[PDB]
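Residue-level listing of the chains:
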Amino acid sequence: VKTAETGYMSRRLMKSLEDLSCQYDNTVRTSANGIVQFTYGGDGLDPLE
Amino acid sequence: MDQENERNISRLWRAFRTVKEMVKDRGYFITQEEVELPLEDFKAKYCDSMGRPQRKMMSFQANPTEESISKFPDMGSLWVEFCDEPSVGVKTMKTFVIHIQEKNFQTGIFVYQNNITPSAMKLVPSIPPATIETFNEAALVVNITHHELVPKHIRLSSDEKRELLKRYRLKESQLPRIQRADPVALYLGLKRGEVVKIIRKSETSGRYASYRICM
Amino acid sequence: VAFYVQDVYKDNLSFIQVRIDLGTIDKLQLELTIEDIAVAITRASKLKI
Amino acid sequence: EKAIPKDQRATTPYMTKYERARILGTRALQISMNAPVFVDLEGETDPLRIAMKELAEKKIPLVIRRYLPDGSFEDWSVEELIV
Amino acid sequence: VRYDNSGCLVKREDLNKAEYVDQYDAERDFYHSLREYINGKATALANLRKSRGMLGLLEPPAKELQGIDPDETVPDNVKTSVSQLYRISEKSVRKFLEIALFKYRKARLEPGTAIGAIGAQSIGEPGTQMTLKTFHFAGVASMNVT
Amino acid sequence: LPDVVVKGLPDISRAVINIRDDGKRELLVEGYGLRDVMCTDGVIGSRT
DNA sequence: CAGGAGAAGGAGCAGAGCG
DNA sequence: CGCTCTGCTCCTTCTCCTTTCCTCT
RNA sequence: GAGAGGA
């Protein structure tokens, strides 16, 4: 009963944030070049490392 | 009776303090002792003989400071007046706007008591040179900027906005906009196209600046 | 804080009588009076007729 | 719009993993199309391994046009990029 | 350098005025944290030193005795004890600083990263494992929460 | 007649006083009256 | 076959102005 | 001074979504 | 087409 709801939620969550990139000026931006964040997370640090 | 009148007096005092700090941090001239007004002083100087809230005396006029008038060349004096009739309609709003026009004021803040007739709202945004704003007395009890979840907003002038746009090589249509009539926007009274810099504090990143524009 | 409600007629008129018990008001230390209750009824009569 | 001169170039002097993968893919595609190599082959045949060995010795002759959002672009040589 | 919003330079008296913060604030905080950690290590060494006769030279000595050894009069036995307990070398400090700076310059979101997809997956996938567990509002059984 | 909200906020199901750790306490309300709760005296509006 | 959330028309009052 | 539009605000009744597929039969 | 494993 939870698998389907989680799948739909993940699908739409991905559809929202599908195109966001860390541009070379260190600003997360969307496809239309509308700057959503001026620095990722406030520090520009990838949580992976 | 006694309890209702005293409660209204205290609420009006808190609203007046909120109005004073709102017109202070916008760049106008008030003294810290004037905003920090004890309730006893409010009763003494802003009440009648039998102790009722009279708003005809607490209305005031504020003028800019030297540093704020240097940063913003186009910023005239403002006239903050309250209302006596709860259901503010077309007639009282029309009298207020006529007074604003004849008094040569760049802006005016009308703190209505309980309710605003939609016709008054229709008449509100029709003045080319100046402008007027509406604030509910209930909406002004604790100023929004002092809430824990409201980060520090700063109004940026034309030169600062130009510097920011050149620094980030952006345009006025790309920054993350903030709606007009936003409770922290109409508090500062940002006009359309004014950039506000936000000192946002996060536990994992300290303080950092995020920019918005009024649309 | 009504403690009872009754509907009483007369020779040519009728009305509704509710006697607020001040004992419960004092025990609940509520800050309201008879006039407060009356004005609350009048203002909240939006739901009523 | 114009290329930012080499004297000042804000873009990081490091080599991002995306740039490294794209450089390896492009060099391997060139080598698979019968292109000359600039390293000792050592008998390797798969173009991807030759591309990896070339990138190990910084012998890949390619540059990166890092496109900033405004439109300008700094040209970074693979030799100058650090890993 | 923390340029002001108008492009001018802060006058060293209002650097932390809370109205001039911008990018590179995280880097300054990280550098301050590094300095604080090294200061804590040095303070621990100095407090160990002052517990065994040798004066704790955390603050730099004056130039009137800079060229001479500041602990020659101390017996060499306690010198060995302090050295074997807490010894901090130039190589160790330089290596620690180099490692910290390398791991910081490495731990920056590399440009071109599909950060939107990473965030969407990082917020959606754990939802697929959030089995419904019954909770209350911190000890209040009556106050049910979702 | 015996259901008109006489005193309070007509958007709240209930309100319960909870005791935090270290002796503090605060009121948890089930409803949508945040602005009124901030406005009413006896509470700090900066933390609500 | 249930659940959630918007867009579009009736419908019942405030409000304004009026001859 | 009731009368008559506007205008606002409810209130009701309507529409578009519900992993992955991976098979066989 | 729709009946059911399956992970």
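Residues numbered from 1 in each chain as written, not as in the entry; some residues may be left out. Chains lettered and ligands numbered in written order. Part of a larger assembly, values for the part shown. Heavy atoms only, no water.

Method-wise, the PDB entry is recorded as coming from cryo-EM, at a reported resolution of 3.2 Å.

Participant: So, the interface of chain D and chain A: which residues are in play, and what are the values?
Facilitator: Quoted interface sizes are often the accessible area lost when the parts come together. Contacts between the two partners involve six residues from chain D, matched on the other side by five residues from chain A. For the pairing of chain D and chain A, the buried interface totals around 510 Å² over both sides, and the portion due to carbon and sulfur atoms is 61%. By the criterion of area lost to chain A, the three top residues of chain D are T11(D), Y67(D) and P69(D), representing 63% of everything that side buries. Our count for the chain D to chain A interface comes out at two residue pairs in polar contact. Across the side of chain D that touches chain A, the residue classes break down as three nonpolar, one polar and two charged. (Contact = heavy atoms within 4.5 Å. Buried area = accessible area lost by both parts, 1.4 Å probe. Polar contact = N/O pair within 3.5 Å; in protein donor to acceptor, adjacent residues only side chain to side chain. Nonpolar A, V, L, I, M, F, W, Y, C, P; charged D, E, K, R; others polar.)

Participant: Residue-level account of the pairing of strand β1 (residues 5-9) of chain C, with values.
Facilitator: Residues and elements named next belong to chain C. With five bridges connecting them, β1 and strand β2 (residues 14-18) associate as antiparallel partners. In the strand pairing of β2, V5 is matched with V18. Here β1 folds back onto β2 in antiparallel fashion, the turn holding four residues. (Pairing = 2+ DSSP bridges. Helix = DSSP H or I, 4+ residues; strand = E, 2+ residues; numbered from the N terminus.)

Participant: Please give an account of the protein's contact with DNA strand H that cites residues and values.
Facilitator: Close contacts around DNA strand H come from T3(A), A4(A), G7(A), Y8(A), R11(A), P118(B) and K122(B), and that covers them all. Counted by atom, the contact set of DNA strand H within 4 Å of the protein is 67% sugar and phosphate. Taking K122(B), its side chain carries an N or O atom lying 3.2 Å from a sugar or linking oxygen of DNA strand H. Of all the secondary structure elements, the ones that give two or more residues to the surface near DNA strand H are α1 (3-16) of chain A together with α6 (118-123) of chain B. No other element matches α1(A), which puts five residues into the surface near DNA strand H. Across the surface near DNA strand H, the residue classes break down as three nonpolar, two polar and two charged. (Near = heavy atom within 4 Å.)

Participant: Any details on the arrangement of the chains? Residues and values, ideally.
Facilitator: For the ten pairs of chains in contact, the largest share of contacts goes to chains A and E. In this structure chain C stays clear of chain D, and the shortest span between their C-alpha atoms is 57 Å. Contact between chain C and chain E is absent, and the minimum C-alpha spacing across the pair is 22 Å.

Participant: I'd love a proper account of the environment of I9(B), names of residues and values included.
Facilitator: Residue and element names in this part refer to chain B. Note on placement: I9 falls in helix α1 (residues 2-25). It is 25 Å that separates the C-alpha atoms of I9 and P183, two residues lying 174 residues apart in sequence. Not counting the four nearest positions on each side in its chain, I9 is found in contact with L39, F42, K43, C47, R52 and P53.

Participant: Which residues make up the interface of chain E and chain A, and what values go with them?
Facilitator: The partner chain A presents 21 residues to the 19 residues of chain E that form the contact. For the chain E and chain A pair, buried surface summed over both sides reaches about 1800 Å², with 66% attributable to carbon and sulfur atoms. When the buried surface of chain E facing chain A is broken down by residue, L109(E), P111(E) and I115(E) rank first, second and third, together holding 29% of it. Our count for the chain E to chain A interface comes out at zero salt bridges. Viewed at the interface, chain A and chain E are joined by six residue pairs in polar contact. (Salt bridge = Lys/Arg side-chain N within 4 Å of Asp/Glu carboxyl O.)

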